[PDB]
Amino acid sequence: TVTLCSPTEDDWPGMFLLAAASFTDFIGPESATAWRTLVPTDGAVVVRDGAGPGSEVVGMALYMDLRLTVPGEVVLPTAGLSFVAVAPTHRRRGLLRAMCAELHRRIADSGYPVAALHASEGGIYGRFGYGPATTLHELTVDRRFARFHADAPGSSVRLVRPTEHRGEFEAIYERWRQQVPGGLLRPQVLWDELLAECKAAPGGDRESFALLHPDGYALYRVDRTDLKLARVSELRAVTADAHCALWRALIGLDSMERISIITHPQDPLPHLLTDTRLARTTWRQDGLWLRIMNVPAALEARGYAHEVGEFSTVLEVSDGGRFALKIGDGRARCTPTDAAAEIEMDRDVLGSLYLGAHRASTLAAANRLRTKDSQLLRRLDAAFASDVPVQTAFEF
Amino acid sequence: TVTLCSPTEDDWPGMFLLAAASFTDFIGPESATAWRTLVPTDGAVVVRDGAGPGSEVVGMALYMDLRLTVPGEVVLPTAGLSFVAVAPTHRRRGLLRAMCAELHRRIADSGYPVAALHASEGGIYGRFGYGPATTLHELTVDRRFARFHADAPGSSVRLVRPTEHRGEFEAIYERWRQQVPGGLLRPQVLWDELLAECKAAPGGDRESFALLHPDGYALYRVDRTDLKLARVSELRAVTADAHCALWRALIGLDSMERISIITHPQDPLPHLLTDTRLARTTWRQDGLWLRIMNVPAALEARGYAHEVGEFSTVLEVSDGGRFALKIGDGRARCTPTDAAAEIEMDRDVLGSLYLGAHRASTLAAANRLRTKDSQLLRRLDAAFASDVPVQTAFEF
Amino acid sequence: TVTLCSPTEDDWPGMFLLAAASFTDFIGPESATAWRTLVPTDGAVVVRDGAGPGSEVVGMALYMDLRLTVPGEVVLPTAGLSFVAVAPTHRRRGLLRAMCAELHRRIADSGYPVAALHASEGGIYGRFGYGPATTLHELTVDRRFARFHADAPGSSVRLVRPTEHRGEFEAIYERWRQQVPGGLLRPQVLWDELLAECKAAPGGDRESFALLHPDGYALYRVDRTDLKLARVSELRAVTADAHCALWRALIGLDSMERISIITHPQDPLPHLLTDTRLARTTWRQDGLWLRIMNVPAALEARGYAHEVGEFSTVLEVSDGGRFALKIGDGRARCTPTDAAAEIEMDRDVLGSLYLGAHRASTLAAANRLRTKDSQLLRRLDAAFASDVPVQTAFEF
Amino acid sequence: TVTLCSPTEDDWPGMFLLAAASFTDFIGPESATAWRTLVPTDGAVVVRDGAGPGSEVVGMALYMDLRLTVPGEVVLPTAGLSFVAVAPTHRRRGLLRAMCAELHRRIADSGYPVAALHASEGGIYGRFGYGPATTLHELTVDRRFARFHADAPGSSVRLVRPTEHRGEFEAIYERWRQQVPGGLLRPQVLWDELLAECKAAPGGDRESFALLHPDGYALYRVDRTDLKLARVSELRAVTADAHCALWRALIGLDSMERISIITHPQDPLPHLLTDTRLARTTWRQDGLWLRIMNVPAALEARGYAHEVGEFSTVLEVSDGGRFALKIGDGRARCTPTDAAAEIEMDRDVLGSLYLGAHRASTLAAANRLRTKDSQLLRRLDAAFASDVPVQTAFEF
Amino acid sequence: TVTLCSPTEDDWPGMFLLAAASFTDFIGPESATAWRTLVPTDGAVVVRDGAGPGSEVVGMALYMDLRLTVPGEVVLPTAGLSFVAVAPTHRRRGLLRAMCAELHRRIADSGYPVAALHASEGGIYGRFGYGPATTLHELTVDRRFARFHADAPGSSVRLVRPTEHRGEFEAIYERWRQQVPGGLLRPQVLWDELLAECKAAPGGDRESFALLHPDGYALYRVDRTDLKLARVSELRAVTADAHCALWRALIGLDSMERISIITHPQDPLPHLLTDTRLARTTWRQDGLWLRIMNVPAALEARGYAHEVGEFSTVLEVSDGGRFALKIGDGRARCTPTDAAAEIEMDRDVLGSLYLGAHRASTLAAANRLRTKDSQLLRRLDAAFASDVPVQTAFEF
């Protein structure tokens with residue numbers, strides 16, 4: 002009946018159709034064919050219904066080749082899952098399990114230490130070993146009241167047409183993504199896509215503008231629905247100076263009542279202002295999800311906090327191996343063992359800890375993470391934290 | 002014209018009137034006379050307009066004697082400011098500055114290391130040296146979809167009439183407030199007040215119920231405005247088991263669509279569920295604000311993280327003294343010095359760091375906190391963190 | 002651990018507490034003690050948690066002795082389930098199954114042909130053999146535009167204080183409930199309850215008024231939330247004349263913009279007006295649910311349409327017996343058999359057909375009701391229909 | 002001053018202008034020129050203001066040649082009124098009466114037994130003898146909770167691009183419209199129009215998709231305003247199997263929260279689900295309106311229920327003739343007479359009964375329909391009912 | 002650093018960019034290049050940031066050459082400020098003061114007696130001597146209830167395509183603007199702009215229609231957001247007959263529930279109807295703002311009410327000269343003096359009085375306008391009033 006296989010070029014139109022019916026944002030396929038360049042040979046799986054010549058697609062999934070920055074400014078090859086979809090006609094038939102299992106084998110065999118995704122819903126991917134690893138934080142600032150604090154840094163920012171400063175944006179983003187956990191390399195093809203969206207579309211979005219600083223930029227747009235709201239679609243700042251100068255400019259949009267931005271929980275913006283409330287948290291949600299494919303490769307690859315003293319323990323990941331884990335001097339050694347476990351957790355929990363967005367002690371309080379001693383917990387909690395707060399790059 | 006002095010009993014009615022006109026929640030005065038028992042002799046200041054027999058009150062402020070738990074389970078005498086109010090007729094005349102200055106002298110001279118408040122607005126109290134020190138986090142759970150995770154702990163909880171289990175609530179809260187930074191001792195008079203509110207009021211709030219566990223409780227009520235919403239006014243859990251069992255009971259309120267609660271950012275509830283999104287953050291705001299009155303007394307009183315190795319630095323608080331600050335083995339020594347400062351911050355910033363709710367590195371990114379080296383920052387950031395996440399007790 | 006038994010008077014307070022926590026409308030218990038008089042000795046079951054002296058109630062259910070009118074103006078003893086509740090602490094432990102099974106045995110053994118309920122949710126009771134048997138239909142009339150049709154009947163109606171015309175209301179309701187399927191006898195104790203609600207409550211509902219006609223009445227109130235909306239809580243009309251005259255009076259409430267009423271789908275009101283749209287359907291929902299306890303007793307008790315010619319068939323109710331069903335001259339004979347079934351359905355489907363609110367052919371289209379021939383379907387569909395449209399009496 | 006006449010081609014632009022100003026949906030005229038092919042020579046009337054060369058149009062009306070299915074699967078030539086409009090400058094001058102009178106003479110003389118329309122408002126057309134004859138029923142399903150009942154039928163449905171399966175849609179619709187009262191033949195020109203709308207329009211509607219089954223289809227689209235709502239613009243199912251399979255697919259649109267559809271009151275969807283409430287009635291309204299042009303031709307043309315035994319009566323339609331009406335064996339004979347009337351009604355009432363959407367007994371309760379005996383009423387009510395529930399085809 | 006100068010053609014693109022970022026309505030620049038023809042040589046100022054070749058624009062402002070009608074049907078050369086904008090990066094640096102000061106010198110030296118603007122916010126321009134001089138009044142009529150009064154005048163109005171009756175619109179507007187204070191000459195280039203907007207835009211506004219009378223017109227459109235709302239974008243009526251006939255036509259839009267229009271406070275529409283409430287005031291706001299450049303030229307140019315008897319006084323405008331003001335026979339003489347002032351006001355107050363939209367006595371009650379005697383006040387109040395109520399022409 003159902004067969005699982007790598008798509009042919011003859012499978013494309015079926016895939017585009019399924020995609021269009023599954024993702025509202027989809028159209029255009031032309032953009033789909035930009036992301037396609039990020040898909041390695043054999044990075045795609047489809048499920049066909051039946052057998053014969055061109056039987057219809059009813060399931061699809063793929064991964065893209067990505068570079069993710071993890072704490073200690075270390076960059077990992079990362080397999081980014083996307084365009085995962087099952088036909089509304091074939092829902093509870095195990096297609097998602099089969100497609101994910103097949104994709105994970107390929108990802109493992111190809112040597113990725115880590116896989117990642119953005120979840121359309123929050124209850125799907127834990128079962129596959131993905132844990133929420135970054136946190137999206139919407140701030141809406143009522144700029145009518147906003148005054149900067151005497152201490153705040155600061161002219162240096164220019165109001166600019168996005169399409170005329172691509173080189174400057176690329177260089178800034180590139181510096182940004184290398185320094186911040188969560189950072190993703192943004193390939194030329196994605197800069198084409200992003201740059202194009204800047205022009206106003208009738209019936210769609212208004213034209214975008216940019217605020218450019220030698221060390222950061224912001225891209226923003228008036229909201230279509232509300233005309234006193236400015237939406238900051240992206241703000242990449244490499245220094246604190248740039249971050250503040252950009253916000254002085256945004257708060258300068260006197261035509262507006264409110265500025266909103268999707269940011270991270272440690273965004274220092276509230277502290278730039280004399281009234282920290284004006285920077286109001288309007289929304290929160292999981293951002294990037296991680297599946298640790300290879301536990302020791304991943305644990306050894308990232309840097310750890312230097313503050314915690316050297317310690318050793320035994321970590322067991324449910325159906326993922328048991329390891330002697332030694333952390334000291336910001337570095338980890340992670341070797342096979344059969345000594346008794348001191349800590350245990352499912353694979354997804356590990357991905358949630360990995361970039362420091364969640365504290366081990368919080369996971370432990372929910373019993374996801376079982377441990378021997380509170381001391382070990384406090385150490386796992388200090389070691390795994392990140393000097394530079396974790397942020398989210400572009401969705402995929 | 003205006004005179005500042007300690008109220009007489011002849012000043013009360015004026016004060017009640019001003020209070021009623023300044024705080025919507027005020028009425029009843031009868032409750033005002035419960036909190037009055039918490040006000041020390043000389044803990045109150047009023048401003049009278051003119052001179053003569055019973056000239057009208059136009060300004061008032063006071064503090065209450067409180068016990069606040071800070072990291073390391075250390076309990077500090079704390080002066081809690083409340084009922085601070087200026088007549089709408091006397092707004093920009095310096096009454097608030099005068100009343101706060103006078104109150105702070107009294108508080109300092111009386112030996113409180115720390116003062117605290119809940120802010121009616123976010124832009125008033127920084128100028129007086131108070132910094133936001135805890136964070137309120139509203140979670141609304143759509144319990145229709147909520148399923149507990151296989152790992153989650155768990161019968162043990164009873165549905166109970168609040169008024170018939172005061173002794174059990176008192177003992178549980180008492181254990182709770184001694185273990186959690188942000189915890190406040192709740193005196194008998196406040197248990198009278200809180201217990202009374204439990205009965206339904208016509209035109210007002212519906213009757214409250216309680217979920218009682220040997221190690222925790224929750225008090226809740228159906229919302230007046232929305233009848234598919236259950237409001238958890240208070241949940242105190244001393245163990246993780248109790249926390250989970252209480253939430254299994256709340257999610258058990260099948261008559262409801264949504265449960266909301268004002269909680270703290272590290273509440274582990276999202277991780278009890280198979281879909282972490284269901285536990286949605288609907289609101290965020292500063293909770294308790296702190297003014298460090300005596301810097302060395304306060305810095306020496308609290309415990310510090312054991313993970314960070316011993317280090318020494320020089321801390322300068324703007325118009326608050328310069329100190330040689332030595333932290334090691336979870337303990338701090340804080341002595342006078344005139345050596346060059348390595349770190350500087352206004353007083354309010356220090357109160358924001360004090361319970362660990364804000365990271366020094368985030369304050370530094372906003373330039374509030376100026377420092378010499380990033381290393382010192384990472385250390386100040388690890389040392390000041392709290393093993394047990396900071397929570398908020400009752401507003402005052 | 003858990004025990005199922007008939008409540009003692011010592012179990013009451015536990016039951017009241019559970020009730021209060023399960024039903025928002027509950028309070029007052031004093032009203033609970035009116036309905037209690039409708040509960041037969043042994044009509045109540047509770048589940049206690051554990052054993053000992055006064056272990057806490059965690060489950061309760063009961064039935065009331067009612068008289069229900071079914072097509073052909075036949076009145077059946079009916080067991081009305083209500084106050085069914087499981088503690089939020091004991092949700093998926095089978096308490097509802099156990100309590101319902103126990104109650105049904107008692108109801109069967111006591112000789113009720115039928116049981117009934119109003120469902121708090123639509124997905125609970127089918128599993129217990131109850132089917133939706135009446136349909137609530139909210140109409141909101143924009144009376145600003147409403148003009149009566151030249152044909153409409155029609161002075162005879164008086165604006166009246168409800169509390170001063172109880173005898174007239176009782177007599178009218180009594181005539182009403184004897185003629186209409188869905189009609190329930192309303193005992194003196196329920197007239198006390200209903201009459202009391204008429205007075206305005208501060209913070210609650212405004213005072214009610216009545217429109218009285220020799221052959222019908224309406225009770226109404228201005229909405230608390232909206233002051234241009236009049237809510238008709240009850241309209242009982244015994245003749246078409248009375249129905250029209252009452253509506254001319256209601257449309258006469260010039261102080262109002264809208265009149266709403268919960269009515270039945272065949273309410274002729276739309277056809278009284280020159281613009282049938284003004285009578286807008288704002289809400290629809292299942293009303294009374296029926297469980298046929300004794301199939302042949304129930305099928306033989308009701309009248310059937312005289313129009314359909316005599317026919318015979320074999321009806322099988324899943325786990326409910328197989329019967330030779332003979333319908334002719336508005337009367338049915340229903341005898342045991344083992345001949346092959348011509349029609350099959352679960353018990354709940356039968357309750358849905360029983361008062362004529364649902365057509366057999368519609369149930370069959372959804373495959374709930376499996377039959378041999380379309381002819382039999384059309385006959386079952388004509389025979390079971392009701393001359394007088396089915397209406398809903400008071401909720402319980 | 003005003004003249005009434007058949008439009009010239011020189012009158013078109015005036016007519017298009019009036020149309021554009023009267024119907025928001027109008028534009029495009031290009032579509033107007035598709036429907037024009039359905040307009041018979043002499044099926045159009047305009048009113049010109051004054052006399053001379055090209056005096057301006059101020060009134061227009063026309064009818065289209067249609068085929069309507071009535072109970073017993075009988076197809077009648079039907080004159081469909083549309084594009085009826087009076088200039089805002091000439092409102093109460095009798096233009097609508099004059100245009101309708103003129104159109105009706107033409108329709109009568111041409112031999113249509115029946116005329117039909119969709120009403121822009123509910124209070125206009127009764128005066129012209131049209132009665133509401135079908136009922137639109139909006140159901141919104143919260144598909145997040147929807148589970149199918151164990152009994153429900155059921161793979162067989164494919165997700166499909168509408169534009170690539172026209173032949174299959176045509177054949178299915180054609181079977182559908184021949185079996186269902188309310189069915190209209192959909193000519194090739196209307197399939198061109200409908201097929202075209204399927205593509206996404208910027209600023210307008212998103213692209214449509216189809217679910218195709220050998221025996222039915224559904225066309226749907228995400229809502230422009232709300233992105234968690236899927237709108238089913240059309241669902242034609244010829245068997246119950248197809249109807250259920252299509253709904254399993256729609257409930258399979260996991261990307262959505264709600265599915266809505268405009269359907270008929272006997273849609274069996276609620277009964278496919280374990281919780282019948284999920285299929286919520288959000289809106290109700292009159293669909294197709296009928297004017298019986300020739301009473302005996304129309305009464306003799308349709309089939310009647312076989313269940314009711316043969317009976318005879320005398321029907322008088324106000325200003326529409328008196329007839330001896332004999333119904334038996336699903337067939338009616340309708341002859342002229344002057345015997346005393348047993349039943350009387352206006353013409354519009356008859357159109358409301360004609361397809362079985364309204365019961366005679368309900369019309370009688372509102373006094374529109376005056377009759378001699380209740381027995382005759384029950385018979386008129388059983389005879390006129392429809393085996394197959396009446397549905398609405400495309401608006402016109 | 003910053004330089005203020007007349008833009009080059011090389012400065013345009015910078016100016017367009019700033020414009021686009023400052024005004025949501027901006028795009029298109031192509032329209033900007035229509036208004037440009039209204040800008041005199043030297044009517045534009047820009048601020049450049051720095052010095053060099055093509056340094057970026059950060060501030061811009063200009064004025065257009067306009068003709069404004071003032072009471073007594075006198076037409077004044079008026080400098081109309083628009084496209085005033087400061088970069089969000091240069092907000093509190095005095096750019097607006099510098100640009101306005103420079104523009105005012107040019108305007109004064111060029112011989113304009115008056116300058117005018119439409120304010121983006123209400124708190125900016127008083128400091129520059131502009132006072133609100135006309136009042137926008139939104140009326141929303143619920144046309145479902147609207148009946149005209151027996152007295153109301155009144161066929162004569164035609165429903166018309168705007169683009170086909172430009173000549174008639176021009177002539178009518180031209181008569182209108184010459185008779186009404188607030189009237190502006192509308193140049194051919196602005197008729198091109200306005201005429202173009204009439205066509206429907208996908209994703210944007212629906213197509214406009216016109217109601218044409220020999221002595222007036224209305225342009226209207228269905229609202230994009232709400233489809234039962236008709237928006238009257240413009241109604242110019244030269245006689246009362248035309249005004250009433252146009253409103254009879256608008257109330258004739260039976261497809262609509264509501265008609266809205268931005269009008270003036272003395273619009274007689276409410277008095278045409280039997281229920282004056284139906285014409286509901288939904289919004290009010292300042293329209294045109296005036297700066298009197300040359301006090302005596304302006305005071306002598308306008309007509310004054312003939313009713314008030316001749317009187318003389320001494321008027322002082324803060325930093326604007328002192329004048330002996332003599333008003334009699336609808337004419338004023340305004341000569342220099344140093345006699346003591348009898349009345350004093352800031353310049354902006356004078357602009358607010360100038361077209362009669364505000365009464366001197368109301369300004370005096372707010373103490374803006376200080377005077378010697380109440381008698382003088384009553385005279386200044388009668389003299390300055392306008393026979394013909396002041397209206398607002400097109401925004402600029």
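First to last, the sequence lines map onto chains L, G, D, S and V. Residues 2 to 155, 161 to 402 (the UniProt record's numbering) are what the first sequence spells out, left to right. Residues 2 to 155, 161 to 402 (the UniProt record's numbering) are what the second sequence spells out, left to right. Residues 2 to 155, 161 to 402 (the UniProt record's numbering) are what the third sequence spells out, left to right. Residues 2 to 155, 161 to 402 (the UniProt record's numbering) are what the fourth sequence spells out, left to right. Residues 2 to 155, 161 to 402 (the UniProt record's numbering) are what the fifth sequence spells out, left to right. For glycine and all other residues, C-beta sits at the position ideal for the given N, C-alpha and C.
Cβ-based neighbour list, residue i, same chain, cut-off 8 Å, excluding 5 preceding and 5 following
i      : result
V314/L : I333, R385, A388 and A389
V195/S : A35, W36, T38 and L39
Residue burial classification, residue i (beta-carbon count within 10 angstroms, cutoff 16)
i      : result
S358/L : buried
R254/S : buried
Chain V within 8 Å of residue i, Cβ atoms only
i      : result
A120/S : no
Beta-carbon gap between residue i and residue j smaller than 8 Å
i      : j      : result
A22/G  : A363/G : no
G336/S : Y310/S : yes
Within-8 Å CB hit, residue i to chain S
i     : result
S23/L : yes
Chain-order list of residues whose beta-carbon lies under 6 Å from that of residue i (same chain, five-residue window excluded)
i      : result
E401/D : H119
Any C-beta of chain G under 8 Å from that of residue i
i      : result
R337/L : no
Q272/L : yes
Residue i at chain D interface by Cβ criterion, 8 Å
i      : result
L259/G : yes
May I have a chain-ordered list of the alpha helix (DSSP H) segments no shorter than 4 residues that lie completely inside the segment 234 to 282 of chain L?
List check, alpha helix (DSSP H) in window: 246 to 257.
Enumerated in chain order, which unbroken segments of the beta strand (DSSP E) with a length of 3 residues or greater are wholly contained in the UniProt domain "N-acetyltransferase" (3 to 154) of chain L?
Annotation note: the UniProt domain "N-acetyltransferase" (3 to 154) of chain L contains the following uninterrupted beta strand (DSSP E) runs of length 3 or greater, listed N- to C-terminal: 3 to 6, 45 to 50, 58 to 71, 75 to 87, 115 to 119 and 136 to 143.
Proximal residues, the segment 288 to 315 of chain G versus chain A, C-beta separation under 8 Å
In summary, chain A is missing from the structure at hand, where the protein chains are L, G, D, S and V.
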